[PDB]
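Let me begin by presenting the structure, written as structure tokens, before commenting on it.
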Amino acid sequence: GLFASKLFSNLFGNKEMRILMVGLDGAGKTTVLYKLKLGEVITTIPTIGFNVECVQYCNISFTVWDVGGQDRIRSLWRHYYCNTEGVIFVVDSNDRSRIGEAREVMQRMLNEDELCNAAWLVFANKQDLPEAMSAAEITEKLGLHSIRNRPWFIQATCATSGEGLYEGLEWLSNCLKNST
Ligand SMILES: Nc1nc2c(ncn2[C@@H]2O[C@H](COP(=O)(O)OP(=O)(O)OP(=O)(O)O)[C@@H](O)[C@H]2O)c(=O)[nH]1
Ligand SMILES: *SCC1=CC(C)(C)N(O)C1(C)C
Ligand SMILES: *SCC1=CC(C)(C)N(O)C1(C)C
Ligand SMILES: *SCC1=CC(C)(C)N(O)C1(C)C
Ligand SMILES: *SCC1=CC(C)(C)N(O)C1(C)C
Ligand SMILES: *SCC1=CC(C)(C)N(O)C1(C)C
Numbered sequence: 002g003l004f005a006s007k008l009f010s011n012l013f014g015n016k017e018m019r020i021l022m023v024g025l026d027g028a029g030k031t032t033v034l035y036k037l038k039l040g041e042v043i044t045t046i047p048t049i050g051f052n053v054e055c056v057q058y059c060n061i062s063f064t065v066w067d068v069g070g071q072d073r074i075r076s077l078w079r080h081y082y083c084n085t086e087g088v089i090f091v092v093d094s095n096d097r098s099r100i101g102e103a104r105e106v107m108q109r110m111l112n113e114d115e116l117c118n119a120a121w122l123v124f125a126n127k128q129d130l131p132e133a134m135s136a137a138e139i140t141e142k143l144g145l146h147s148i149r150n151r152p153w154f155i156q157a158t159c160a161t162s163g164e165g166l167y168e169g170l171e172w173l174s175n176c177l178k179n180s181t
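In the UniProt record's numbering, the protein residues as written are 2 to 181.
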């Protein structure tokens, strides 16, 4: 009775994963979310609020909400509505000038008690740019090797084409597998 009823409870919980997309106002959170969700790159613009996206992958229903990464939006991050199982931090690779802003911004999100249970998947955007930063530089500067207190990873992605985007959704789904 205890085990059975449990298996019945997962019916309205399993097969569905919650995702969040945020960060800097110039990283390209909107560009990627639309590429993996719509499969095609469209005209992106500064998002002033949040935008949910229903996408299906491997029989699962990944929900990716894209909230403005701007400073003025930073506060809005506390209106996610508690549900995101994993987050997707977008960091511009070709923009070394702000490379510290993105790093410092994620820290604020990572230092939040209200977000100490959500994931932090980092995806270096603008990788398609001829001067796109390598994973070694973005990782080192971000203290990836020095940070082992929060589940976060760095991945090189190109939203303009969408390469590597699929792999990201696959890596996350494996990390939870419900049981986790
Ligand atoms: N070439 C290229 N440009 C990109 C890519 N992702 C974003 N951009 C550029 O970034 C700008 C818009 O990106 P956004 O998706 O609005 O960036 P954001 O992280 O959503 O920031 P806000 O929406 O302002 O909070 C445009 O100039 C796009 O061309 C990418 O993968 N490749
Ligand atoms: S997830 C698709 C979705 C739901 C609803 C709000 C009903 N709209 O029709 C869109 C397509 C945005
Ligand atoms: S979720 C795994 C999946 C199902 C199916 C369509 C049968 N394919 O084999 C993949 C691996 C895409
Ligand atoms: S996280 C707050 C909230 C959301 C929902 C899943 C509907 N829960 O029932 C509560 C009210 C705790
Ligand atoms: S981040 C999840 C959460 C918040 C807080 C109340 C600070 N706790 O540490 C839990 C893990 C319950
Ligand atoms: S989140 C990492 C992950 C989940 C689980 C399937 C439980 N495994 O232990 C790995 C490490 C693959």
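A virtual CB, placed ideally from N, CA and C, is assigned to each residue, including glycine.
Query, Result
"Take the Cβ of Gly169 as the centre, count every other Cβ of all protein chains shown within 10 Å, and call the residue buried at 16 or more, exposed below.", "buried"
"Tell me, please, which residues DSSP counts as bridged to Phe154.", "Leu122"
"Between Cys117 and ligand 6, is there a pair consisting of the residue's CB and a ligand heavy atom that are separated by less than 6 Å?", "no"
"Does the beta-carbon distance from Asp93 to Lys127 come in below 7 Å?", "yes"
"Can you determine whether any heavy atom of ligand 3 sits closer than 6 Å to the C-beta of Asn15, and answer yes or no?", "no"
"Kindly indicate the opening and closing residues of the alpha helix (DSSP H) around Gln108.", "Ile100 to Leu111"
"Take the Cβ of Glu102 as the centre, count every other Cβ of all protein chains shown within 10 Å, and call the residue buried at 16 or more, exposed below.", "buried"
"Looking only at its own chain, which residues have a Cβ that is under 7 Å from the Cβ of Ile155, when we skip the five neighbours before and after it?", "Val123, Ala125, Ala136, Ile139, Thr140, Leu143 and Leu145"
"Within 6 Å: the Cβ of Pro47 and any heavy atom of ligand 8?", "Ligand 8 is not part of the structure shown, which contains ligand 1, ligand 2, ligand 3, ligand 4, ligand 5 and ligand 6 as its ligands."
"How many Å lie between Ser162 and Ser6 at the Cα?", "45 Å"
"Helix, strand or coil for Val88 per DSSP?", "strand"
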